[PDB]
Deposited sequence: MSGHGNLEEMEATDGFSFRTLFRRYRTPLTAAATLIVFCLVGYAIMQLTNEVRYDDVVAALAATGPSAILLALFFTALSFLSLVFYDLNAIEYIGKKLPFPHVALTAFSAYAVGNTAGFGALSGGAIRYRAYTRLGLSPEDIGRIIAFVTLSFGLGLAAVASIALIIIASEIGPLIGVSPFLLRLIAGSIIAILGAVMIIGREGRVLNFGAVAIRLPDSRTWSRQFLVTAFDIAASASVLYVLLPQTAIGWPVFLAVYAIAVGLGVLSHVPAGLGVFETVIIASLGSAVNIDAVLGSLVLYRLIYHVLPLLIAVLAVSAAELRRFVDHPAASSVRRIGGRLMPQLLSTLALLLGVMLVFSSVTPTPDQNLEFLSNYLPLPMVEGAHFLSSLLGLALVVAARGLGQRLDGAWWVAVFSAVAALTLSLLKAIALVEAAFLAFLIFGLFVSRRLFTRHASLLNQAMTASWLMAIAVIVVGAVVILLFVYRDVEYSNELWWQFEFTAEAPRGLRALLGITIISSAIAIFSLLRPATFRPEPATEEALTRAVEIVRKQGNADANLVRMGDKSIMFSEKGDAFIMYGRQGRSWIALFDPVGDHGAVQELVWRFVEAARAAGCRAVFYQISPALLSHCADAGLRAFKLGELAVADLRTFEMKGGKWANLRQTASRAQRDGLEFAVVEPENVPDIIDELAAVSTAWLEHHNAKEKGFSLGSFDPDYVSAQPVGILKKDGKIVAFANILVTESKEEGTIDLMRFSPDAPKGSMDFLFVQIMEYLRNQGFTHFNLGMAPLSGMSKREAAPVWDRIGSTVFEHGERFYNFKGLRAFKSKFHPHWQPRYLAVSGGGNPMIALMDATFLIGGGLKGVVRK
């Protein structure tokens, strides 16, 4: 579960913290600084070059995935999207700052379908996963004789564990030949063709080589050699990824330091590690921001503008989070003694103490503003701008910190250039925090503790340090800043955990229900009539000419069947639902949304998973006397041979047949050995059945079947909700009932008839959802005819999606939806 996973990552981070403090026992901060200064222009330029090559390779990851799904897209646009996904992903990788999240947001604007985008994401991660495994294992079998003495392991046992991984990968590839599906439980993996996976391997290998080469050109030494370096680099990168620490922050450095810490000077390895994290992590993100900001300030400009407007908040969230990390770490790190005596000869002592504490606290403020910046909040924007401008001013006062001032100025440039993208008036503090963002805050605080304990390893701790206030008392100043961020972070965690949610949402007021029904009547969507059940909460647009109907179940808010009413109010209502859901500490879920609402949902930060398809029949060319629908015609005659009669009972006369309808309804319930549903399906509640016309089927002067008919005043679409038959209803009864309802609808002048949802009839490279959605579709979408039955009317198949807010697991949202339908709230009952 989400909290258990995060706590495991934190335990791993704290152990690798113990390790790195042990491994760097005889290294001091000044050695590391001297090492950073020793690095030549040549080494830096080569590192920039290899960073560039890595990022070109990664673009090819995404182009390959698009060729595999067979959906050509423009290179400028793919390139920008992939660059943005890997910048953000390599630096962070927790919810909404993942590569997957960047890919879903960018590619929805480029017009890939949610399953397209889901398959792309499965391709790119499995590629990286099996590729990294392969590269590592192959390298380790080749250089076991060289890496063994380095790490103090038998070159025989390495060659065994290396070779064993090679065997298992080989076995997977051979068992998964010709798209055979390998099931590791709920996970179903189908690998691609040998040719696809061969080109991808070469790109994964190029990229891993280029990145390793970045770190290699930065480390001065002649004792390891690129092949051994590549193996250790690959294993470090893989272990970091498995650890689930953001960027593999300690895991990567610990694997590199342990591995190379016999051959190489650990101060030089640490210097190289600092620059590696600057050049490979911090720089491509700065560049992405600068590019998009310059665009918004040429065909190039145009391309960058359209993708960046979409991605700029996630880039700026990641930039804010990095500059927060920077401010916190700089708080626990020593300032040059040159700068302090300059500050000694001008400013007074109390200011340079204040400026320090405050800059530490503004870093934590920037990491909170980062989560907000992701949600495009205006408050988050203001907080972030104030924080950055104050930290710019303050950092020069506390250490003449020109490079920190420069980075903060880049952030203020980007924030001012794209102010328009942050218009959402949801509260930043009220929103709460997720386990992932508490874990990132926790690694930042433990990072700071490790950094202080490394930096001031020599200083002897006294209770006097806490109240020591001198122009050159950096250890005291640092200890105090750390206390600061610790207490404020503990506060944030405590608040997120104890957050109130004002119980559950309110039910459907009598006045409220009427207002929604009137909106339903003068718009096109017939299934919107399900608000009449009164089992769903209603929240209106500000002007009152649109609404969302929704349910409450555990930690999900689940909306039903798109926003309803005036098309102009949809954008606002989608955003308002997701924010209010967030405010109550619940994930937002839209159940069975159309392709028209996918774009608006993607902005709000929701991922859409195809549930099934509606069968919609064009009534304006539904020609029964035509050869195409001859059997539909034939079975009406068969119904006439069985002496079946059809009538539409208008609402005020429904009371006269309620008793007869009630008997048929329960006869059906026990015949199918089933209970009533809710939410997406109506249940036999007299007042609900009484509110709409009923199509009834009669044999020997007795009602044998019925269906409540859902219509609007616009005549754009009709549908049915309940449709039930007595056990004795003759064969063809549905054929007869459906054919007569559609002809009645056809002649009164309705344009379309909705036969309702049918489950799925292309598979991601790796999937955990397919099985889950399939077991749900059959459970709910087969009550009023099978897919084959609906196909006989030659309908348009439009897909419908489950859009879910939290990125944890699509399945958890559908399980809350399953109870809302299966059990759920009782609601209004007569």
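Participant: Relative to the deposited sequence, which regions have no modelled C-alpha positions in the structure?
Facilitator: Several stretches lack coordinates - namely 1-25, 323-327, 792-797, 867, in sequence order.
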